[PDB]
2 protein chains.
Amino acid sequence: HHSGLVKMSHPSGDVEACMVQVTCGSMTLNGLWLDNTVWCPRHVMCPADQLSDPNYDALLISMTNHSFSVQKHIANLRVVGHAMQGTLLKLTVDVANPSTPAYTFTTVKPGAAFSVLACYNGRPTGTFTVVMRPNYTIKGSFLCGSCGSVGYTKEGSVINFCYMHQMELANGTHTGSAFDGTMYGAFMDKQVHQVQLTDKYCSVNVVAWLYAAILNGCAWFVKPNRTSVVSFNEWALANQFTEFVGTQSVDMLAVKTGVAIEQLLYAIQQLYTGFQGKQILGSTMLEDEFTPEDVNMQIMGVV
Amino acid sequence: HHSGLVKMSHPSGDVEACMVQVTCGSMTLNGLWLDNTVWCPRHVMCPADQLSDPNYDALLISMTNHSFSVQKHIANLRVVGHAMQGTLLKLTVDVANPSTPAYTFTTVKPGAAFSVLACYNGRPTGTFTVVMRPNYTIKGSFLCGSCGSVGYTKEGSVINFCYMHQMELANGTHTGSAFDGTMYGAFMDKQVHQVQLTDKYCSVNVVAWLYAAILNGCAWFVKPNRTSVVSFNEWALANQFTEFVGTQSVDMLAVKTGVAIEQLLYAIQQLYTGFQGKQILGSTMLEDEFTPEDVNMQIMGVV
Ligand SMILES: *[C@H](O)[C@H](C[C@@H]1CCNC1=O)NC(=O)[C@H](CC(C)C)NC(=O)OC[C@@H]1CCC(=O)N1CCC1CCCCC1
Ligand SMILES: *[C@H](O)[C@H](C[C@@H]1CCNC1=O)NC(=O)[C@H](CC(C)C)NC(=O)OC[C@@H]1CCC(=O)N1CCC1CCCCC1
């Protein structure tokens, strides 16, 4: 029986209309064009021989407005100002994007999902959705030239930009910047080996997945036994789980199914020791890539 | 280690601009507006009391052009002609869609992937990618009102429309129509219980996934032992696998990794009996939802 759950991304058209190519000397990547501003990773200023130990402050001073080229491929924009904010460049152009959507900037938190528009040379090429891992990486699909690809969520008609792609880590995962210019996690935008924080199971997302299983008639793992939130969170710290924090979205699932959160916290502790040959929604391992919001929307039609 | 593989959909903007709402009496769903034509499922003509045993021929005769309303939400189109082709209606409107992309119509084959734009009331709400299963269903995410949502692939700038959503099966999976009006599989657009053909593992996609594992440095399952294509396909018929048919995309992966296809056919036969506690790209079961094309594009950057 299919759970009715897929990896669902927002329709990407609104963001496609904001994507541009930024070139600086021998370097090129993607930028995001909103109003009179173009955001892009600052290592577009770095020549290939200094990617390991860049001096971005000196690099920025060496630039003029004519050091940058901004092109929209799907118009050439004259750059009239340039500034650096953290790991991003803010270029000012003389044309406001006529397709600028209603938007804000936000930081995404571990366990939360967002949509990514992967672009190359200013051309959108694919879209997918990821969850911010507890170690502030994402399990993405990014190749050379993808930097400046953007991640976002959408509230109503308002796009909430939360990610701009910067780099691939040694374990194949990815990270980038929020639009305040801070890198997610402790990462730096330099091409050197960097310490990787341990990843964890996202407990709230595992709980959501188990509710999705109940909503599909799969509840063999549900017992009257209960583990309290405080008891589970002590257990989580010793077992590579995030501490559980309940939300209204989770409570809706408890109300719909009639299964208490603490019943699923107990089930998680037992299932972590092993599924014993049984499957939950086609899986023999805990799934934490679906949020409570995903389950409410895709299965219950609740937004 | 992350494989670098995600469920990747095409950017949906080109298709969002073609989506409309179609209303017929008390029924409403989505349509696809291309040139002067609007395609939509024919059961928009059915009142709720006849969804089990509809007479679409008599229903169509009872309609006039003014029986239909077509609205674009993200202009109201006057309907000037109506016709039925299989399980779809072809409405003719008096305005050509100014955002009509270059397009064709095609039928997708089992094992092949395509992008879906899920819409409600003519408003796109999400995008995801699915593989046509060997029993001509897809493992989608569709709720009431999603009918007329469209599936497509993209070759260059040309959109290849291949699916229009029609119904949910008893096991939670989904099916719909090609744009020649034929339903995928043996399914009928009536709200009755229908025979479900058995699903199968898509062997060519499993082979692609094992190549992706090798490309990520995971090759413990590779042995000098080989099973021929003809020998495997005899085995497949007795073990719920599709018969393997090689392609140029698969051959590229063999050339890149230096591992022969027949080596992976042997590995599949052994892995089908059990992973013996080991994992491949984070999984303890065979994965068939990634195509050879997905692996070539996402990992090797080859399109
Ligand atoms: C920008 O388009 C680019 C996106 C990358 C390319 C491959 N996949 C991506 O997501 N970003 C970069 O190339 C980064 C530029 C820096 C921040 C100045 N660097 C980066 O992503 O380096 C990836 C390399 C290659 C694999 C790996 O482990 N790794 C990490 C850096 C470091 C290099 C030296 C050896 C230890 C690891
Ligand atoms: C159109 O928007 C709609 C899309 C559906 C709604 C739920 N998810 C979807 O993908 N399509 C329909 O409602 C179909 C209309 C027919 C083709 C005239 N019917 C349909 O999808 O029926 C689904 C029902 C409910 C679950 C189930 O097993 N099933 C199959 C039909 C039949 C009904 C009678 C009892 C046995 C199963």
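Criteria and cut-off values
- Residues numbered from 1 in each chain as written, not as in the entry; some residues may be left out.
- Chains lettered and ligands numbered in written order.
- Heavy atoms only, no water.
- Residues with missing side-chain atoms left out of burial classes, pairs and counts.
- Helix = DSSP H or I, 4+ residues; strand = E, 2+ residues; numbered from the N terminus.
- Domains from an automatic or database assignment.
- Nonpolar A, V, L, I, M, F, W, Y, C, P; charged D, E, K, R; others polar.
- Buried < 20%, exposed > 50% of the residue type's maximum accessible area, 1.4 Å probe, protein only.
- Contact = heavy atoms within 4.5 Å.
- Polar contact = N/O pair within 3.5 Å; in protein donor to acceptor, adjacent residues only side chain to side chain.
- Pairing = 2+ DSSP bridges.
- Near = heavy atom within 4 Å.
- Areas by Shrake-Rupley, 256 points an atom, 1.4 Å probe, with all protein chains shown as cover.
- Salt bridge = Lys/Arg side-chain N within 4 Å of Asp/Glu carboxyl O.
- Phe/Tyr/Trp six-rings, centres within 6.5 Å; stacked < 30°, edge-to-face > 60°.
- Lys NZ or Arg CZ within 6 Å of the ring centre and 35° of its normal.

### Some words on the overall build of chain A
- Scanning chain A from terminus to terminus reveals seven helices and 13 strands.
- Projected onto its principal axes, the C-alpha positions of chain A cover 70 × 40 × 30 Å.

### Focus on the domain arrangement of chain A
All names here are of chain A.
- With domains assigned, chain A is organised as domain 1 (1–16 + 102–199), domain 2 (17–101) and domain 3 (200–303).
- Between the C-alpha centres of domain 1 and domain 2 the distance comes to 19 Å.
- Mapped by element, the contributors of at least two residues to the side of domain 1 that touches domain 2 are α1 (13–16), β8 (103–105), β9 (113–120), β10 (123–131) and β12 (158–168).
- For the side of domain 1 that touches domain 2, the element with the most residues is β12, which contributes five residues.
- Partitioned by chemical class, the residues of the side of domain 1 that touches domain 2 number 17 nonpolar, 13 polar and six charged.

### Focus: the environment of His174(A)
- When you line up the elements, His174(A) lands in strand β13 (residues 174–177).
- Judged by relative accessible area, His174(A) falls into the buried class, the value being 1%.
- With residues up to four places along the chain from it excluded, the contact list for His174(A) reads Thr137(A), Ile138(A), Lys139(A), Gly140(A), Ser141(A), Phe142(A), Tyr163(A), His165(A), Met167(A), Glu168(A), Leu169(A) and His2(B).
- One polar contact links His174(A) to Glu168(A), side chain to side chain, over a distance of 2.9 Å.

### Examining the sheet that holds strand β7 (residues 88–93) of chain B
- Spatially, seven strands are ordered β5-β4-β1-β2-β3-β7-β6 (chain B) in an open sheet, and the strand pairing comes out antiparallel. Looking at which strands have only one partner, the edges of the open sheet turn out to be β5 (76–77) and β6 (79–85) of chain B.

### Considerations on the site of ligand 1
All names here are of chain A.
- With respect to spatial proximity, 20 residues lie near ligand 1, and among them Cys147, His165, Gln166, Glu168 and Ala170 are the closest.
- Between ligand 1 and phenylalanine 142 there is a distance of 3.3 Å, counted from a nitrogen atom to a backbone nitrogen or oxygen.
- In the environment of ligand 1, a nitrogen atom lies 3.4 Å from a nitrogen or oxygen atom belonging to the side chain of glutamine 191.
- Calculation on ligand 1 without its partners gives an accessible area of 780 Å², and the protein chains cover 73% of this total.
- The leading source of residues in the shell around ligand 1 is β12, at four residues.
- Across the shell around ligand 1, the residue classes tally to nine nonpolar, eight polar and three charged.

### Section: the environment of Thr100(A)
All names here are of chain A.
- Its location among the elements puts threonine 100 in the loop between β7 (88–93) and β8.
- Once you skip the residues sitting within four places of it in the chain, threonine 100 turns out to touch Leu34 and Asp35.
- At 3.0 Å, the side chain of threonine 100 forms a polar contact with the backbone nitrogen of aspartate 35.
- Polar contacts involving the side chain of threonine 100 include one to the main-chain carbonyl oxygen of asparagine 97, which spans 2.7 Å.

### Section: the pattern of salt bridges
Residue and element names in this part refer to chain A.
- Inspection of every chain in the model, using the stated rule, returns ten salt bridges over all chains.
- Put simply, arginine 42 and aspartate 189 hold a salt bridge, and the shortest N to O gap is 2.7 Å. No difference in accessibility class separates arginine 42 from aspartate 189, as the two residues are buried.
- For the salt bridge of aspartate 288 with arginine 133, the shortest nitrogen-to-oxygen distance reads 2.8 Å. Pair noted here: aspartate 288 is in the loop between α6 (261–272) and α7 (292–298) and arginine 133 is in the loop between β10 and β11 (150–155), with a separation of 155 residues, a long-range link.
- By relative accessible area, which is 6% here, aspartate 288 ends up buried.
- For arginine 133, a relative accessible area of 6% puts it in the buried group.
- Each member of the salt-bridge network shares a partner with another, and the members are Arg133, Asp199 and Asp288.

### Things to note about the packing of aromatic side chains
All names here are of chain A.
- Taken as a whole and judged by the stated rule, the model has 38 aromatic pairs over all chains.
- With a centroid separation of 6.1 Å and 85 degrees between ring planes, the pair formed by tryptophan 39 and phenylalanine 179 is classed as edge-to-face. For the residue pair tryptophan 39 and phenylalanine 179, the accessibility class agrees, reading buried in each case.
- An aromatic cluster is defined as three or more aromatic residues linked by ring pairs; in this entry it consists of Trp39, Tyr103, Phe105, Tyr152, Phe161 and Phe179.
- Over the ring of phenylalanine 290 we find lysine 7; its NZ or CZ atom is 5.5 Å from the centre of that ring.

### Brief notes about helix α5 (residues 248–257) of chain A
- Capping the start of α5(A), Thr247(A) holds a side-chain oxygen 3.2 Å from the backbone nitrogen of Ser249(A), two or three residues further along.
- Two residues or fewer past α5(A), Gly258(A) is found with a positive phi of approximately 75 degrees.

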